[PDB]
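Q: Just passing along the structure, written as structure tokens.
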Amino acid sequence: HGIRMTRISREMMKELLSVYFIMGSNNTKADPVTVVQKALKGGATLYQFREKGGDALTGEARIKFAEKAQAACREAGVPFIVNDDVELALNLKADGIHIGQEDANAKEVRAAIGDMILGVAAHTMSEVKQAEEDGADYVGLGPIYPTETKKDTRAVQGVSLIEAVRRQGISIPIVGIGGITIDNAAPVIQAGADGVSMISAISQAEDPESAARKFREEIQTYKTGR
Ligand SMILES: Cc1ncsc1CCOP(=O)(O)O
Ligand SMILES: C=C1C=NC(C)=NC1=N
Ligand SMILES: [Mg+2]
């Protein structure tokens with residue numbers, strides 16, 4: 001994955017969303033970069049650098065951690081997506097940026113990043129359609145299930161929005177997020193999602209590599225079966 005000179009295709013974007021690992025240093029008790037490396041080795045298809053909050057690294061320390069995580073992704077041949085930080089994404093030549101509703105304006109971000117991958121968090125039909133109109137390459141829908149990893153969370157919606165979006169004929173790449181585990185991932189794909197994203201199921205697993213591998217196998221099976 002080099003410098004993109006064209007918008008990513010729907011097909012490729014959907015493949016990348018399969019097992020979307022998201023992590024910051026405060027999401028694990030182990031060595032951060034090591035966990036990322038293990039998740040990639042196990043089979044994560046996309047990684048999002050999400051380092052924020054009172055327990056996260058800041059300044060130069062955060063930037064250096066970002067560089068190492070990006071290096072790990074490059075070694076695994078997996079794209080590196082930055083959460084919220086547009087400047088960081090541009091400075092590191094990340095493969096993409098993921099933003100939320102409270103964040104900035106998707107239209108503005110799309111203009112600033114050229115043909116880089118753009119993900120937008122959406123919780124309602126209106127937000128999903130607006131994200132598509134603004135030029136997002138994918139939307140993250142959730143919380144699907146209960147989760148404490150992110151406290152300022154919206155109401156749990158199961159796979160309701162995913163189904164609604166598909167029923168309306170919207171084909172934008174979708175990834176589910178929120179309390180997803182190997183045990184409850186299948187229904188997310190069955191509802192019409194193109195993959196699952198998670199933090200704790202992998203970051204806090206006693207065996208992150210095996211957890212990621214189990215996810216990879218499960219998701220592939222269900223994509224073929226739907
Ligand atoms: C970042 C985020 N956004 C909505 S729910 C959530 C947390 C995902 O963490 P976990 O996979 O551990 O529930
Ligand atoms: C809120 C989010 C929604 N979707 C994804 C993929 N990541 C997030 N951090
Ligand atoms: Mg955000």
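In the structure tokens, each chain is lettered A, B, ... as it comes, each chain's residues begin at 1, and ligands are numbered from 1 in order of appearance.
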Can I get the residues of chain A within 6 Å of ligand 1, each with the closest pair of atoms and their distance in Å to one decimal, using only C-alpha atoms and all ligand atoms, sorted chain first then ascending number, as a tab-separated table?
A:
```
residue	atom	partner	partner_atom_place_in_ligand_line	distance
A:142	CA	ligand 1	4 (C)	5.8
A:143	CA	ligand 1	5 (S)	4.8
A:147	CA	ligand 1	13 (O)	4.4
A:149	CA	ligand 1	9 (O)	4.7
A:150	CA	ligand 1	7 (C)	4.8
A:177	CA	ligand 1	5 (S)	5.5
A:178	CA	ligand 1	5 (S)	3.9
A:179	CA	ligand 1	13 (O)	3.5
A:180	CA	ligand 1	11 (O)	5.5
A:198	CA	ligand 1	11 (O)	3.4
A:199	CA	ligand 1	11 (O)	3.7
A:200	CA	ligand 1	12 (O)	3.6
A:201	CA	ligand 1	12 (O)	5.9
```
Q: Write a file of the selected residues as a compact mmCIF listing (two decimals), in the first residue's frame, keeping C-alpha atoms.
A:
```txt
# COMPACT_ATOMS: atom_id res chain seq x y z
CA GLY A 142 -22.06 0.90 16.48
CA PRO A 143 -22.02 0.20 19.31
CA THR A 147 -18.68 -1.95 25.59
CA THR A 149 -13.65 0.55 26.21
CA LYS A 150 -15.17 3.85 25.06
CA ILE A 177 -17.81 -1.78 16.21
CA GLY A 178 -18.53 -2.17 19.90
CA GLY A 179 -18.16 -5.21 22.13
CA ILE A 180 -17.43 -7.52 19.21
CA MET A 198 -12.49 -4.40 17.83
CA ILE A 199 -10.16 -3.26 20.56
CA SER A 200 -10.31 -5.39 23.74
CA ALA A 201 -11.17 -8.77 22.18
```
Q: Please find the residues contacting ligand 2 at a distance of at most 7 Å between atoms, with only C-alpha atoms and all ligand atoms counted, and report them as a ChimeraX atom specification.
A: /A:20,22,83,98,100,119-121,139-142,175-177,197
Q: Go through A:104, A:8, A:219, A:66 and flag the residue nearest ligand 3, using only C-alpha atoms and all ligand atoms for the distances.
A: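 Using only C-alpha atoms and all ligand atoms, ligand 3 sits closest to A:104.
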Q: Return the single residue from A:39, A:164, A:63, A:174 that is closest to residue 214 of chain A, with distances computed using only C-alpha atoms.
A: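 Result for the nearest residue to residue 214 of chain A: A:39.
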Q: What residues of the protein or nucleic acid chains come within 6 Å of ligand 3 when you use only C-alpha atoms and all ligand atoms? Reply as number ranges by chain.
A: A: 84, 99-100, 103
Q: Could you write those residues out with N, CA and C atoms, as an mmCIF file, in the first residue's frame?
A:
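Everything below was put into result16.cif:
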```cif
data_model
loop_
_atom_site.group_PDB
_atom_site.id
_atom_site.type_symbol
_atom_site.label_atom_id
_atom_site.label_comp_id
_atom_site.auth_asym_id
_atom_site.auth_seq_id
_atom_site.Cartn_x
_atom_site.Cartn_y
_atom_site.Cartn_z
ATOM 1 N N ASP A 84 -8.805 10.360 14.299
ATOM 2 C CA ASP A 84 -8.947 11.805 14.557
ATOM 3 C C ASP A 84 -7.899 12.790 14.048
ATOM 4 N N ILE A 99 -12.586 9.461 11.369
ATOM 5 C CA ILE A 99 -13.135 10.546 12.178
ATOM 6 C C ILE A 99 -14.532 10.252 12.711
ATOM 7 N N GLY A 100 -14.944 11.030 13.708
ATOM 8 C CA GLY A 100 -16.258 10.861 14.300
ATOM 9 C C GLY A 100 -17.152 12.041 13.972
ATOM 10 N N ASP A 103 -16.090 15.117 15.855
ATOM 11 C CA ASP A 103 -14.818 15.570 15.310
ATOM 12 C C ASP A 103 -15.074 16.754 14.378
#
```
Q: Set the distance at 12 Å and use only C-alpha atoms: which residues neighbour residue 88 of chain A once local chain neighbours fewer than 4 positions away are removed? I'd like the list as a list in words.
A: residues 49, 50, 51, 59, 60, 62, 63, 64, 65, 66, 67, 70, 80, 81, 82, 83, 84, 92, 93, 94, 95, 96, 97, 98 and 113 of chain A
Q: Determine which residues of segment 155-195 of chain A receive a DSSP assignment of strand (DSSP E or B), computed from the backbone, and state them as an MDAnalysis selection string.
A: chainID A and resid 174:177
Q: Tell me, as a PDB file with N, CA, C and O atoms, in the first residue's frame, which residues lie within 8 Å of residue 190 of chain A, counting only C-alpha atoms; anything in the same chain fewer than 3 positions away does not count.
A:
```
ATOM      1  N   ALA A 186     -20.128 -13.182  13.826  1.00  0.00           N
ATOM      2  CA  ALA A 186     -20.891 -13.678  12.678  1.00  0.00           C
ATOM      3  C   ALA A 186     -22.141 -12.871  12.321  1.00  0.00           C
ATOM      4  O   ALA A 186     -22.321 -12.478  11.168  1.00  0.00           O
ATOM      5  N   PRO A 187     -23.026 -12.616  13.298  1.00  0.00           N
ATOM      6  CA  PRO A 187     -24.250 -11.850  13.029  1.00  0.00           C
ATOM      7  C   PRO A 187     -24.008 -10.471  12.413  1.00  0.00           C
ATOM      8  O   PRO A 187     -24.855  -9.952  11.686  1.00  0.00           O
ATOM      9  N   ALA A 193     -22.659  -6.239   7.089  1.00  0.00           N
ATOM     10  CA  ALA A 193     -21.396  -5.547   7.315  1.00  0.00           C
ATOM     11  C   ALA A 193     -20.276  -6.211   6.523  1.00  0.00           C
ATOM     12  O   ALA A 193     -20.338  -7.399   6.199  1.00  0.00           O
ATOM     13  N   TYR A 222     -17.933 -16.510   7.030  1.00  0.00           N
ATOM     14  CA  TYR A 222     -19.236 -15.877   6.946  1.00  0.00           C
ATOM     15  C   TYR A 222     -19.440 -14.967   5.748  1.00  0.00           C
ATOM     16  O   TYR A 222     -20.575 -14.751   5.325  1.00  0.00           O
ATOM     17  N   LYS A 223     -18.358 -14.439   5.186  1.00  0.00           N
ATOM     18  CA  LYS A 223     -18.497 -13.602   4.001  1.00  0.00           C
ATOM     19  C   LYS A 223     -18.851 -14.505   2.824  1.00  0.00           C
ATOM     20  O   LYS A 223     -19.636 -14.129   1.952  1.00  0.00           O
ATOM     21  N   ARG A 226     -22.675 -15.674   3.006  1.00  0.00           N
ATOM     22  CA  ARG A 226     -23.769 -14.711   2.895  1.00  0.00           C
ATOM     23  C   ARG A 226     -23.826 -14.087   1.506  1.00  0.00           C
ATOM     24  O   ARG A 226     -24.897 -14.167   0.869  1.00  0.00           O
TER      25      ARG A 226
END
```
